[PDB]
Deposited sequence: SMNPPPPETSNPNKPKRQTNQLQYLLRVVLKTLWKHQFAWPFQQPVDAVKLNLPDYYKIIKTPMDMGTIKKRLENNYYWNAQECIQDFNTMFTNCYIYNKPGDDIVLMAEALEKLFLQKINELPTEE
């Protein structure tokens, strides 16, 4: 029923990097998805406000674009794959929790279509 602590966006002992691929994930990937008409995914799922008391019983690896945005802006990642995994976790969580055909599923699908289109053109490491 209650909301858990949000995913980590700051960890000073975690080693960090500022790479061209990570810059692409913020400037191109996150920015395209964030501006979209279907961008429920801009903050962690509020199970209390949205009345989803079983959400966190089912979803054990929560992820959202608000967390991803903070992670990219505060240079939390070491590599592009960590960020790509976060986006994939967010889409997977939506498909696992929600029933097939739901509005929220179609919203995640539209964002995922653009995500795959952008990741297809991930630049080579400089």
| item | value |
| --- | --- |
| Missing CA stretches, deposited numbering from 1, N-terminus first | 40 |
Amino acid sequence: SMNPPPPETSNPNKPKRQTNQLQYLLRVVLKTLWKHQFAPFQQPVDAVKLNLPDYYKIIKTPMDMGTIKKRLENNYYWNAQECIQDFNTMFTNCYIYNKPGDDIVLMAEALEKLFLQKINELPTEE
From here on, numbers count along this sequence of modelled residues.
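If you superpose the two forms and keep the largest set of C-alpha atoms that fall within 1.5 Å, you have the rigid core.
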query: Core-aligned Cα RMS comparison in 8 other deposited structures of this protein - stretch that moves more, 82 to 90 or 97 to 105; finding: 97 to 105
query: Greater mean Cα temperature factor according to the PDB record, 52 to 60 or 96 to 104; finding: 96 to 104
query: Of 2 to 10 and 117 to 125, the one with larger mean CA B-factor; finding: 117 to 125
query: Which of 88, 37, 75, 67 ranks first by CA B-factor in the deposited coordinates; finding: 75
